[PDB]
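*Asks:*
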Amino acid sequence: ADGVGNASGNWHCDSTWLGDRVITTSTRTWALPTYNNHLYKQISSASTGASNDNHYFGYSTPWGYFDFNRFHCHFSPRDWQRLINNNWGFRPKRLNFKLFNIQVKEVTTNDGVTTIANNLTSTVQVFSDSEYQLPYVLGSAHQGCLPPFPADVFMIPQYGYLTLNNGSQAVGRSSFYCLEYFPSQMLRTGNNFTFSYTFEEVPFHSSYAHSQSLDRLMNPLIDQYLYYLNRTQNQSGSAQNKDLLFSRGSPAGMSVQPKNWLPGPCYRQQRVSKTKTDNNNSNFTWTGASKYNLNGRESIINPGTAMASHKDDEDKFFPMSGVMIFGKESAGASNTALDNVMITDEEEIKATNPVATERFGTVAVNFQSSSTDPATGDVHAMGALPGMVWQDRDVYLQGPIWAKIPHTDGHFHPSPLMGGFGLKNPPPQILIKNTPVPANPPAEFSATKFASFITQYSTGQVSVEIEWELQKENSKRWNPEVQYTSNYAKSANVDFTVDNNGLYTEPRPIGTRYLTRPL
Amino acid sequence: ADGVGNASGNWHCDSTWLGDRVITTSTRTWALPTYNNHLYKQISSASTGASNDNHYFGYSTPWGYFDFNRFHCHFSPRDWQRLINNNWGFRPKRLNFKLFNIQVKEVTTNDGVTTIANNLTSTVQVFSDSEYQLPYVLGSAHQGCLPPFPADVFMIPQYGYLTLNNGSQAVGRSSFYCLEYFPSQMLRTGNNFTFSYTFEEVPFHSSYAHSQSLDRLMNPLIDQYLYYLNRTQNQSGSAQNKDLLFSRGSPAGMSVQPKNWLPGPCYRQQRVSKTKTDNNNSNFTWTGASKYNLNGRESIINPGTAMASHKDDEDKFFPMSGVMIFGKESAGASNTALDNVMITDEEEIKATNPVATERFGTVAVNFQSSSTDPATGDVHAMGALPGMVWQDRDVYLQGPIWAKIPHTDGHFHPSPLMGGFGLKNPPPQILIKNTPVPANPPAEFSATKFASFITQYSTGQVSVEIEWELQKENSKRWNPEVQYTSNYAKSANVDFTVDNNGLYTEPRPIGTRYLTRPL
Amino acid sequence: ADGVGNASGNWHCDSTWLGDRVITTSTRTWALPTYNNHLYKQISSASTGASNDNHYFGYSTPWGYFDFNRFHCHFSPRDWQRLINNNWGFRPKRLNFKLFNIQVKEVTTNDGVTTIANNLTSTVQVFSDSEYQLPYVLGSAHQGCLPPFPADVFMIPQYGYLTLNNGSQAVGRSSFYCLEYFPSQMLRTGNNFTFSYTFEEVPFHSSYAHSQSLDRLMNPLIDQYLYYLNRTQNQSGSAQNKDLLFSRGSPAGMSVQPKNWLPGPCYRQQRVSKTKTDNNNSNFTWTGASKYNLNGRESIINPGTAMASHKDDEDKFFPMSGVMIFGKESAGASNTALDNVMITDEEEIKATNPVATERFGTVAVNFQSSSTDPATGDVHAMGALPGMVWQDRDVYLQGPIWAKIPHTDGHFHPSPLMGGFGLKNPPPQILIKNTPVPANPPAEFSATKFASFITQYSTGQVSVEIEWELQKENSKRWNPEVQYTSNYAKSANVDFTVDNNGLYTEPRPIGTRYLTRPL
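Residue numbers (the authors' numbering), protein chains in the order written: chain J, 218 to 736; chain I, 218 to 736; chain A, 218 to 736.
1. Would you say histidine 272 of chain J reaches chain I, if we count a Cβ-Cβ gap shorter than 8 Å as a contact?
2. Compile a chain-ordered list of the residues in the stretch 380-394 of chain J whose CB is closer than 7 Å to at least one CB of chain I.
3. Quick one: grab the DSSP three-state call for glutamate 565 of chain I.
4. So, helix, strand or coil for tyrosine 398 of chain J, using DSSP?
5. Distance check for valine 612 of chain A and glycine 306 of chain I, CA to CA, integer angstroms please.
6. Return yes when the Cβ of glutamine 673 of chain I is within less than 8 Å of the Cβ of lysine 322 of chain I, no when it is not.
7. State the start and end residues of the unbroken alpha helix (DSSP H) segment that holds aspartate 296 of chain A.
8. Chain J beta carbons: is any one of them nearer than 8 Å to that of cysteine 290 of chain I?
9. Could you tell me the boundaries of the beta strand (DSSP E) in which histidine 628 of chain A lies?
10. Please list the partners that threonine 406 of chain J has in chain I, where partner means a Cβ-to-Cβ separation under 8 Å.
11. Can you tell which of J/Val221, J/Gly594, J/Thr278, J/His628 has its C-alpha closest to the C-alpha of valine 582 of chain J?
12. 8 Å is my cut-off, CB to CB: does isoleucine 439 of chain I come that close to chain A?
13. What residues of chain A sit near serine 423 of chain I, judged by a beta carbon separation below 7 Å?
14. Flag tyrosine 674 of chain J as yes if its beta-carbon sits less than 8 Å from any beta-carbon of chain I, otherwise no.
15. Evaluate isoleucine 439 of chain A with the Cβ neighbour count: other Cβ atoms within 10 Å of its Cβ, from every protein chain shown; 16 or more gives buried, anything less gives exposed.
16. Output needed in chain order: residues of the stretch 606-635 of chain A with a Cβ under 9 Å from some Cβ in chain I.
17. Hey, out of J/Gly544, J/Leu511, J/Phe543, J/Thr494, whose CA is closest to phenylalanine 534 of chain J's CA?
18. If you follow the beta strand (DSSP E) that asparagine 253 of chain A is part of, which residue opens it and which one closes it?
19. In whole angstroms, give me the CA-to-CA distance for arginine 238 of chain J and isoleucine 622 of chain J.
20. Roughly how many whole angstroms lie between the Cα atoms of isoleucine 683 of chain A and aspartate 231 of chain A?
21. Report yes or no: is there a C-beta of chain I within less than 8 Å of the C-beta of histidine 255 of chain J?
22. Do you know offhand how far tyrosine 353 of chain I's Cα is from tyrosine 398 of chain I's?
23. Does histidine 229 of chain J come out as helix, strand or coil in the three-state DSSP assignment?
24. I'd like the list of long-range same chain contacts for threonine 246 of chain A, defined as Cβ closer than 6 Å, with 5 residues on each side in sequence excluded.
25. Contact between the stretch 425-434 of chain A and the stretch 344-364 of chain A is defined here as three or more beta-carbon pairs at a separation below 8 Å; is this criterion met?
26. Using DSSP bridges, identify the partner residues of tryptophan 685 of chain I.
27. So, helix, strand or coil for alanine 709 of chain A, using DSSP?
28. Can you name the residues of chain I whose CB is closer than 7 Å to the CB of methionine 541 of chain A?
29. Would you list the residues sitting across from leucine 316 of chain A in a DSSP beta bridge?
30. Are the C-beta of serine 472 of chain I and some C-beta of chain A separated by less than 8 Å?
31. Nearest CA to the CA of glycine 616 of chain J: which residue from J/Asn710, J/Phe543, J/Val606?
32. If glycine 377 of chain I sits next to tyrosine 509 of chain I, beta carbons under 8 Å apart, how far is it from one beta carbon to the other, in whole angstroms?
33. So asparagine 496 of chain J and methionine 524 of chain J are in contact, right, with Cβ under 8 Å, and what is the actual spacing, rounded?
34. Between which two residues does the beta strand (DSSP E) holding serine 262 of chain J run?
35. Rounded to a whole number of angstroms, what is the C-alpha to C-alpha distance between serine 391 of chain I and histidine 255 of chain J?
36. Just the chain J side, please: which residues come within less than 9 Å of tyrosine 705 of chain I by C-beta, in chain order?
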């Protein structure tokens, strides 16, 4: 508790590298409006003309929420470079969150003159949902996270959620949540808020590419002792006669050579070229999409199973729904051109992972015999097989960090498909609201609910501190690695900087996979 | 004591279920106007054209008061479900009350421009009447309680009271009370108010229905050893001759079988159908009403004696003044249609209790003989008889909790007829007022009372914490119980939720009686 | 635990009088059949042609139960004489119950030859319902109690119960109980069963009559200082003129003399003569009955409110449903003659209690004036008034001892109307069943329930020990009391004895009220 004239916190944006730990700290200044005029609202797809696939039922809330779940909320571009060039992995360890220097301001409008003044006795309400009792809205990759650039002031997003829906209607099993029915701390201008959080144990994200591929793991100099069936008919000179001929795995035959392992799972997606003229002329984004069917309602699979974006020298192709796509600062919200988006490239994992736009392989579909020819078929979707190995999708400086693992009877490899760390108990949602301040009530009692309030909003600073654990690179590789680097040549701007108007931009996605490891 | 910039309390709305206890906590935000321009006023029915039955004399007060006496002030609908499905009873134990985050605001009007500003040095006055020295206005089911929905802001009702009246005049025995003549705490914006209260020992409210009825308590398989007079004339074949014939109680005769107990008291009320066309065409609500006569002044008995609302398969009928009726949010104040009200149904107690619209029974009114026929008459009102047992009226989620037992020489079963817990020493009245702030006085002294004040009002948060004791269900019943449930089918809205405009509604009354017990 | 050849208990029938305590002990030999072929059965009034007043729904059970609730189960006639001649009151204190010397016997029938043999390995199951979790069937005055005469062997009655019914159907709130879903002790022929019970604190039953009446409590020698209005018109000689004349209460005026107390409650019943020729010629037992209305279903009130059976020298009259009637051993079950029943006489309580067949009194029904004559009306049913005093119904040697007070929100004077001690926690029901013994199963498995059993039954001894507390007679009365006595004259039989065929009979009811007390 502080008075009116004492600051309740200090600005801390820093990055500290010690041993196998790096600690990031970021401070931003925020602004919180009143949402929904202090009301909870039933929201629905009703009377929107929505397709069956787009129906929803839910509620909008008066509350806002803090979202720091993206990597540029924490690492600067230089810091991200230090991470990805020097480290085979990393994971989050613990978390510290602070709200301070609260200012609540009332807004008065007379004629066209808006006047803003301090309201020193008003409060804001803050609580974290530590027991995960609310619908968890983080991890859907929503905008409204802390800005990448520390000098930018950001608006706090409005909290809302969805429940079970049949069309645009609800079901008796649908849940409604009042956030005023949790406890929350109330803060005047001298108060501050804090809590800490510990990440559970998670695997290090793999920041590296394999320097080998699954099918190349053999000694190139040595034969095997295993035999395979090489030929079902002998050549002779006269005519082809049925025969059974066997060869042992040799270096000339690496493709037919027996192996211990299989590539990872595959769900095939449509291939689309970054050159317009190569693609079919039609709108196939929905009709040609890889989709799943849930309760008679289709949803595009995206980004889907972790798969290589393209094979060698096909770099102009990308999976239609299968890659993370970031917008530039010049991108519009809908139907923006290719030059305004940044399409990530998952190419590093083609060592262990199927290419996203190709079949997993071929299977025998029949019994051959002297009468009937052997037939095969393509496998476009392949589930887990014993012996499969795969890499998870890479993360990105502007991509998400964690997702909440759904609470369910069963999981298979619960790594979030957009990338990052799947968490049973993720960092909790932090909810904030301006406390309603009634206007002058009438002189005689009325039992009707107050609709009349003093217009106000709030602003302050927020700090997030995350400790990260590093996995060091042990390699015996003789030759130099690939590194992320900035271009040394001259240019009009510097990457990851403001322009002459003050607009901070991010030139490109930066993944984590540069250093190499044997497979 | 806190400064201007420090919050004096935190938001707490919660429900905690531990063992046989549940603790409810609710926080609301309130607004307090100035009432009566800081004046006490004699109020009366004079010059209102009131009927003799409606005359009154009393006083209106500058003070407001807090009323939390309803069950939805405390239990959420889900919490109410947990209570009524799992428990045979419950009672209040202790109470905690807090006022905090006080803001006093002054209102200035120039032309049509209303300006609101903080007045940091103004106070509000608060006291609880712990010794019950004021007329106790709680327990009359007045509106102005804490809203059911925690996000709603409510206006504080004005305190007033009545005293003895002869017509519209007073009597020398009538009392006037100045509330400034109690001690009270004065609160600036940094101050807060609290007190705690302990409920006295009261019976658990019975939340259950009997799985037996009084007249069915016998073994259906076995005869009695008691005889009753079965016939006063023998059949023979020729003609009816006077005779005295006796039978012992058997299973075929359960209605004539001797018993130990009587149904509870009865005061009959007029039956009215929920279908208009069944009712008589006339306005009988006053002329056909069950009424009591007090000092030459009639008052409708309502809801009156606890009685079953209807008998089997008569559900369309209800006692005219004999049921609790709640309004929907669409109900007007006067002469609203049936679809805007919710009529409770007391049907569960027909096991031990007379039906409200029927006679208690029949009595012999004469001496029979060979000359004179035996005559009976109907008993429409029956007072307490030794051997009577009865159930009290049920409570409801939106109904009242307690009433103050009048302080009198005698009582009979002092359970409040609207339902809930009769208390000798109820939760005290909590009175609040904005302290008058004179405007600029004249430059020369005048002994005349100030009529000129700075217009202001106040707002803050209020917390109520009640600990409830639970009585667990011990049943050996084999088959499943009736439970309160929400409908599983789809619908446009969810019960007990806000709509798309933010309006919270309660779809229906919810009583407590679901689980069963043997009689 | 005993073997086959050792007795598990001894015969104890005794009565011990020590100080203010008397301890009764009674042993009987019992026989338990298999009921319902080991089945639970839904039972109903359906397809019985029952009147609406007689409908029921319930279950019959395979179990039997022990019922000792009658006074001759405990006191011999001589012991009952000692009690009622020497004591102003008495109440039960504690209880001891034992089952022992169990013999289970299997019955085999070939042709017309029934053969009975010991089955040494069969069991019986016994449990007491201590938590009152079953419908309590004791206290309905059912036959099947221990016989009055210790040498008589009695059959154990079948347990059954009723639940809520709408007509002959059930309601979702109706309860079904499986008695195999309680724990129970299993007893082979060497095992025995016991438990003890403590009565709660209850008032002494009043065994005495008042030697005064309420209206005679004054000093016959002395005037009062209170005045009453004696005459509203003066006599003069010429004509009757309006006047107000007042007299003070004197001994000549005992009827008009102010008093402190009122007689007890009254619910009037029809008067019927023990001489046929006096009664009306019609069957009025149902149509002229005092009845209560419960859930649209009529039940005769019987015996009803405790009231004097007749006034002075009207002994030939009795209340139609208002007295306890016992059958002689020669009585049939239905429509037996007056000479086969024994009608009790409640005459002793006419000191404080209204006569059952007469009005409670008269009330003013109007406002008199010079124009309109004063009018009165008869009060045939009167509930509790402040200042009423009354006596409870007397008990009888062959009448019931206790009843279970229904578990309800409210009671008024919860004394059982058939007489005896109302108990919140009565002596528990003791349930007994022969354990099913399958016959030879088929040689191939079937999942169908066994319908085929070895026919058997059981027999043993039961002991009940009750300690009674006595209230001694303190009287200063000079002259001899009325006493219960046997007739000294010669006769063909002795009262309360067996006849030459071995049949034990009880000549008459014996109440408790002989000694006197001032009022």
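We treat Cβ as the ideally placed atom computed from N, Cα and C, and that holds for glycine.
*Replies:* Once the coordinates are examined:
1. Chain I places no beta carbon closer than 8 Å to that of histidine 272 of chain J, leaving this residue out of the contacts.
2. Using a CB distance below 7 Å, the part of the stretch 380-394 of chain J facing chain I consists of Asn383, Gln386, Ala387, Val388, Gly389, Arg390, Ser391, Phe393, ordered along the chain.
3. In the three-state reduction of the DSSP assignment, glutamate 565 of chain I falls in the helix class, which pools H, G and I.
4. In the structure shown, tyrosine 398 of chain J sits in a helix (DSSP, three-state: H, G or I).
5. Approximately 36 Å between the Cα atoms of the pair.
6. In terms of Cβ geometry, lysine 322 of chain I and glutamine 673 of chain I form a close pair [threshold 8 Å].
7. Residues 294-303.
8. Not closer than 8 Å to any Cβ of chain J, the Cβ of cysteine 290 of chain I fails to qualify, so no.
9. It spans 627-629 - the beta strand (DSSP E) in which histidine 628 of chain A sits, taken as one unbroken run.
10. Neighbours of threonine 406 of chain J on chain I, chain order: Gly222.
11. The candidate whose alpha carbon is nearest that of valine 582 of chain J is J/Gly594.
12. Yes, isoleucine 439 of chain I lies at the interface with chain A (some Cβ there is under 8 Å from its Cβ).
13. Correct list: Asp626.
14. The beta carbon of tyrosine 674 of chain J does not come within 8 Å of any beta carbon belonging to chain I, so the residue lies off that interface.
15. By the 10 Å Cβ count, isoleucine 439 of chain A comes out exposed.
16. Those residues of the stretch 606-635 of chain A that come within reach of chain I (Cβ to Cβ, closer than 9 Å) are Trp607, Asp609, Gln615, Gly616, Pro617, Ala620, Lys621, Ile622, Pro623, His624, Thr625, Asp626, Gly627, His628, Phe629, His630, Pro631, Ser632, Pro633, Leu634, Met635.
17. Closest option to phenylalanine 534 of chain J, Cα to Cα, is J/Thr494.
18. Under the DSSP assignment, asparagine 253 of chain A falls outside any beta strand (DSSP E); it carries neither an H nor an E label.
19. Their backbone Cα atoms lie some 26 Å apart in a straight line.
20. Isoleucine 683 of chain A and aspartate 231 of chain A have their C-alpha atoms some 11 Å from each other.
21. Yes - at least one Cβ of chain I is within 8 Å of the one on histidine 255 of chain J.
22. Looking at the two C-alpha atoms, the distance is approximately 17 Å.
23. The DSSP-derived three-state label of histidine 229 of chain J is coil.
24. Scanning its chain for C-beta atoms nearer than 6 Å, with the 5 sequence neighbours on each side dropped, one finds around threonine 246 of chain A the residues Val370, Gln678, in chain order.
25. Too few Cβ pairs lie closer than 8 Å, so no.
26. By DSSP's assignment, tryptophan 685 of chain I forms a beta bridge with I/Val239, I/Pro309.
27. In the structure shown, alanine 709 of chain A adopts coil according to DSSP, grouped into three states.
28. Chain I residues near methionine 541 of chain A: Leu443.
29. DSSP lists A/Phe410, A/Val679 as the beta-bridge partner residues of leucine 316 of chain A.
30. It does: the Cβ of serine 472 of chain I has a partner Cβ on chain A nearer than 8 Å.
31. The option with the nearest alpha carbon to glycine 616 of chain J is J/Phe543.
32. Incorrect: roughly 24 Å between the Cβ atoms, too far for contact.
33. So it is not a contact: roughly 20 Å between Cβ atoms.
34. In this chain, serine 262 of chain J is not harboured by any beta strand (DSSP E), its DSSP state being neither H nor E.
35. About 46 Å.
36. Among the residues of chain J, those whose CB is under 9 Å from the CB of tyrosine 705 of chain I are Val388, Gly389, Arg390, following chain order.
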